[PDB]
Number of protein chains: 4
Amino acid sequence: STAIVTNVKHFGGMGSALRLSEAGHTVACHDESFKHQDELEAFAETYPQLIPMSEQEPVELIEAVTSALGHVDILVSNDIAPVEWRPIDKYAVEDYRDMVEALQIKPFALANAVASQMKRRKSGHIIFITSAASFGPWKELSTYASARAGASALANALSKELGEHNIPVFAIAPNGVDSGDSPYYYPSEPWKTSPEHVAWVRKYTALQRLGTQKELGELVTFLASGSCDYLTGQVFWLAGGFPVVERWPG
Amino acid sequence: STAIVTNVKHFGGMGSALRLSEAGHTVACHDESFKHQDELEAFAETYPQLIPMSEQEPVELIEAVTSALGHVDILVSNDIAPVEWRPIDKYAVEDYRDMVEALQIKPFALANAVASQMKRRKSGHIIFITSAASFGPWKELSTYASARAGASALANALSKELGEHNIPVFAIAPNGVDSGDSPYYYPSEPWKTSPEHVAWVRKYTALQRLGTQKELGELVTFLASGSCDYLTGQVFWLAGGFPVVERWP
Amino acid sequence: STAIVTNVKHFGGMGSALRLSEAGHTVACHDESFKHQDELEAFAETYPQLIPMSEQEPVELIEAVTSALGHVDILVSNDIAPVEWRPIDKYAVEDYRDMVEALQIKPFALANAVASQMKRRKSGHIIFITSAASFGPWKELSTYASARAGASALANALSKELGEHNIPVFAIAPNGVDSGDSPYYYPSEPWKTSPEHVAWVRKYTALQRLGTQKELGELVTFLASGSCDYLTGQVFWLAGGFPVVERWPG
Amino acid sequence: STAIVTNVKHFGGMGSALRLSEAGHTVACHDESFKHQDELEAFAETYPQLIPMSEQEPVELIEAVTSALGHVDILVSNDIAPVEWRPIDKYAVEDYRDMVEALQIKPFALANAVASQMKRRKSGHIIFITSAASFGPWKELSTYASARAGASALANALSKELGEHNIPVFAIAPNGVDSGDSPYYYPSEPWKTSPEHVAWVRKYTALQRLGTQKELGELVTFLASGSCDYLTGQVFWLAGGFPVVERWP
Ligand SMILES: CCOC(=O)C[C@H]1CO1
Ligand SMILES: CCOC(=O)C[C@H]1CO1
Ligand SMILES: CCOC(=O)C[C@H]1CO1
Ligand SMILES: CCOC(=O)C[C@H]1CO1
Ligand SMILES: [Cl-]
Ligand SMILES: [Cl-]
Ligand SMILES: [Cl-]
Ligand SMILES: [Cl-]
């Protein structure tokens with residue numbers, strides 16, 4: 001069983017790769033930095049069980065993995081872009097293009113590249129990591145929220161056609177997941193350290209804590225196991241009960 | 001840990017008990033048939049890893065399990081009631097009351113009975129098994145669809161208050177799960193044999209099969225493992241892609 | 001064209017009755033207080049254009065209206081119950097029964113009582129006023145939120161069967177609508193007066209204001225006009241953008 | 001007040017312009033055909049209460065209307081693109097880019113161009129006409145369904161930030177609205193004549209007819225009247241009950 005996890009150093013990246021690996025999958029990993037064989041090797045050394053790739057774009061990643069490791073059973077399209085809090089009139093239209101390109105076109109591209117071998121083998125699983133920002137409660141986050149909703153709708157739409165061919169498709173829409181060293185999107189500093197921040201997580205999520213990489217990885221692994229294919233189409237809000245807003249005063 | 005699965009013979013019951021058990025939970029099982037000794041012992045003999053309980057009403061069941069076993073960590077409120085397709089004006093009000101009694105009042109009563117215990121220890125898991133009928137595509141299913149939505153909304157709402165106390169709350173909202181010889185809600189006959197049933201499922205569900213007990217058990221067990229408490233509040237659409245509608249002709 | 005509006009003194013009651021009336025409907029009104037012909041008459045005197053009823057329960061209301069005024073074209077099931085912020089283990093099961101009875105069984109009962117004449121005339125409109133508390137962000141509001149979600153699901157389910165017979169069914173799920181004198185659910189005091197309260201509406205809704213009776217009445221009247229029957233099934237969140245939660249700190 | 005309705009000849013266009021106008025708004029109308037003088041004047045002559053504009057691209061259109069008419073109060077982004085049913089692997093990436101360009105980038109561009117003006121005066125209305133396809137029951141509609149969801153999510157999101165400035169934002173998400181001789185998306189032939197089309201609509205929609213231009217115009221006009229700004233953020237499912245699925249056989 002062969003898996004690919006994209007952007008392996010951020011967001012849901014590590015939780016996913018590490019848990020799948022433990023589950024017995026051969027896990028190919030992609031990251032922008034794996035461009036420099038510098039960075040690639042310091043990661044092969046640190047994680048002998050994962051197997052990182054240099055390839056960057058969807059089709060060369062899929063061919064590279066198919067060639068080296070057999071055939072992709074599992075795609076985890078762990079998608080990232082920076083989050084800027086501009087209001088609408090202050091963005092460039094091109095900014096939305098780049099945002100959509102990053103969060104919406106990318107997973108289309110990955111799924112479009114993997115789909116026909118999965119369909120031929122009548123087997124595979126496809127998971128997008130999106131965001132609870134879709135139809136969420138934030139302001140001045142317009143580009144990000146819509147692009148992410150794009151990607152979750154893609155996942156649901158795709159399930160509908162691939163179910164014929166035994167291929168479940170899922171979206172995982174997180175908020176407040178511990179990214180650790182990565183800035184995408186809840187790095188320890190300042191999210192564990194800054195008092196103001198620990199107060200914010202405390203006020204607005206219901207479990208009054210950040211989620212964990214391990215939690216995110218366990219779900220990915222559960223979905224990837226073939227244990228619950230009937231859930232196909234589901235958007236999972238991976239968010240600890242966010243949002244919670246206080247009772248009336250007085 | 002200790003789980004209670006209600007109406008174990010039906011709907012999501014067997015998948016939940018079998019699979020919980022398989023996962024080393026201690027599983028007490030409620031059923032309307034366990035009110036008779038003979039029905040109970042037969043079950044205990046067929047499924048010696050489960051412990052079937054005789055108690056029927058909510059408060060009585062929870063104390064009984066707390067006695068025999070010390071604490072209830074995992075409540076699976078596996079709620080059932082007969083679906084009949086009638087138009088709104090052919091019902092009587094009390095038919096709706098009854099449906100709300102079985103589908104909505106009942107999970108509230110179990111949750112209510114177990115909560116303090118759970119909150120005291122700042123640990124536990126609560127799972128309601130509702131139905132994909134909630135905001136669903138059916139007609140003349142008005143009492144059932146709405147009662148199920150109330151139960152699902154109740155899960156979501158409880159998850160908000162009970163986060164404070166480290167208590168995950170979920171709803172599993174199924175359609176087309178294989179129910180063995182149970183008429184709730186997709187018994188293998190006619191659903192596995194009769195051609196017009198076989199084709200209806202091929203037509204309206206994405207994966208083009210029924211769901212299995214094992215898939216739903218696997219879900220419950222997962223939610224109750226503590227491996228992913230952070231999904232708290234989730235309403236799970238266990239419906240194999242349902243519904244799909246054909247393109248334009 | 002004949003309309004009935006329930007609990008006419010609270011929640012969406014007045015906005016609805018007054019606007020329908022202006023729209024040219026004969027508006028029968030129900031309120032618990034119309035029990036005492038004391039209260040009934042001081043309301044017929046104050047609103048000569050509305051026509052209040054003494055009848056309390058669904059079937060005697062519908063028969064009474066059908067008999068006096070012709071035939072019910074429009075039902076507005078403006079439903080109310082008190083809101084208590086207990087946690088779950090502190091409620092009596094009977095409390096949920098009373099809550100469900102009030103917010104869920106009542107509109108079932110009203111629609112069940114009106115449905116077959118509307119179906120015979122192949123004409124009518126049915127609107128439940130529910131709440132944005134359904135699947136909403138509050139805590140310790142469990143009974144209320146679920147009962148209200150019950151009632152919105154009813155509305156959506158009912159649309160599906162009555163569309164055959166030319167009958168649109170809608171739910172209107174409000175938050176922060178000015179109730180005025182009524183305590184159900186945003187009376188002027190303290191919602192306009194209390195500083196702490198004006199701050200809360202300001203922080204959590206996006207229009208940073210309470211909604212108005214006039215707004216609520218205009219929507220009801222729009223839905224009741226026969227201008228947009230194709231919307232049938234819709235739950236309208238009548239809530240001014242609630243909830244909004246602040247950006248991260250720092 | 002002054003409204004702009006884009007792609008006026010198609011989809012939600014005519015209902016929106018006609019009905020806005022009927023409501024005393026001043027209505028500037030965009031279309032891809034108005035790039036030709038002859039196509040434009042013909043329209044102006046058929047519909048002398050509308051003012052058709054020649055400008056095509058987002059920034060150019062908004063300044064042109066602001067010139068001729070002084071301010072834009074109401075933006076109706078009536079967005080269109082051809083639906084073709086292909087499986088995911090039969091598309092090329094750039095087909096998805098193009099669909100996102102027309103359905104998602106485009107309303108963003110119009111909203112972006114008009115916003116400051118609107119925010120300055122702390123008044124205005126923004127309406128996106130998307131589609132009920134978003135979380136919909138279709139297959140092989142993957143690019144269209146997802147592009148439309150992004151646009152709907154964009155409406156919701158904008159409504160949050162633009163409340164601050166008294167700006168209501170909505171999405172109208174239709175299915176089965178009569179489009180006259182427009183192929184976007186339910187032209188009267190074959191949808192009013194051909195039996196298999198007539199029956200598909202009778203089968204899957206609750207009200208068992210098409211929606212009318214007038215119903216959608218009525219909606220837009222209402223949203224833009226300021227009579228109910230408090231619905232801001234709403235995604236409107238203008239789909240006549242769709243979808244309904246048959247009971248068990
Ligand atoms: C920026 C607000 O936070 C989120 O949207 C969650 C994160 C996963 O995308
Ligand atoms: C056709 C109606 O049946 C269902 O909703 C499935 C079962 C869970 O309720
Ligand atoms: C008590 C919290 O406020 C609401 O749920 C809105 C009101 C209409 O029911
Ligand atoms: C069958 C797909 O067509 C639609 O979604 C209706 C139109 C608005 O997009
Ligand atoms: Cl996150
Ligand atoms: Cl089922
Ligand atoms: Cl309210
Ligand atoms: Cl349409």
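Below, chains carry the letters A, B, ... as their sequence lines are ordered, and counting in each starts from 1.
Heavy-atom pairs under 4.5 Å with chain A were tallied for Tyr144(D), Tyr91(D), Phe135(D); the largest tally goes to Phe135(D).
Looking at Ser142(A), both its backbone and its side chain come within 4.5 Å of chain D, counting heavy atoms on both sides. When heavy atoms are compared at a cutoff of 4.5 Å, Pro58(A) does not approach chain D at all. For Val93(D), the parts sitting under 4.5 Å from any heavy atom of chain A are the backbone and the side chain alike.
Using a 4.5 Å cut-off between non-hydrogen atoms, the part of residues 70-88 of chain A that approaches chain D consists of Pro87(A), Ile88(A). Heavy-atom proximity under 4.5 angstrom to chain D picks out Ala115(A), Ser116(A), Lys119(A) from residues 113-129 of chain A. Contact annotation for residues 149-166 of chain A against chain D (heavy-atom separation below 4.5 Å, listed by residue number): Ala149(A), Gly150(A), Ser152(A), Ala153(A), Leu154(A), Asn156(A), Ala157(A), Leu158(A), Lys160(A), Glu161(A), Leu162(A), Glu164(A).
Heavy-atom neighbours of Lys90(D) NZ from other residues, nucleotides or ligands within 6.0 Å: at or below the threshold of 12. By the neighbour-count criterion of 12 heavy atoms within 6.0 Å, atom CZ of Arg202(A) is sparsely surrounded, having that number or fewer from other residues, nucleotides or ligands. Shown here is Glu94(A), whose CD atom has more than 12 heavy atoms of other residues, nucleotides or ligands within 6.0 Å. The local environment of CD in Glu32(A) is sparse, with at most 12 non-hydrogen atoms from other residues, nucleotides or ligands closer than 6.0 Å.
The aromatic rings of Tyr96(D) and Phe108(A) lie parallel to each other, with less than 30° between the two planes, well short of the 60° mark.
Atom CD of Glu101(A) is separated from atom CZ of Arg97(D) by 4.0 Å, given to the nearest 0.5 angstrom.
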Which side-chain N or O atoms in residues 232-239 of chain D pair as donor and acceptor under 3.5 Å with protein atoms at least two apart or in another chain?
| residue | atom | partner | partner atom | Å |
| --- | --- | --- | --- | --- |
| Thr232(D) | OG1 | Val169(D) | N | 3.2 |
| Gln234(D) | OE1 | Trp237(C) | N | 2.7 |

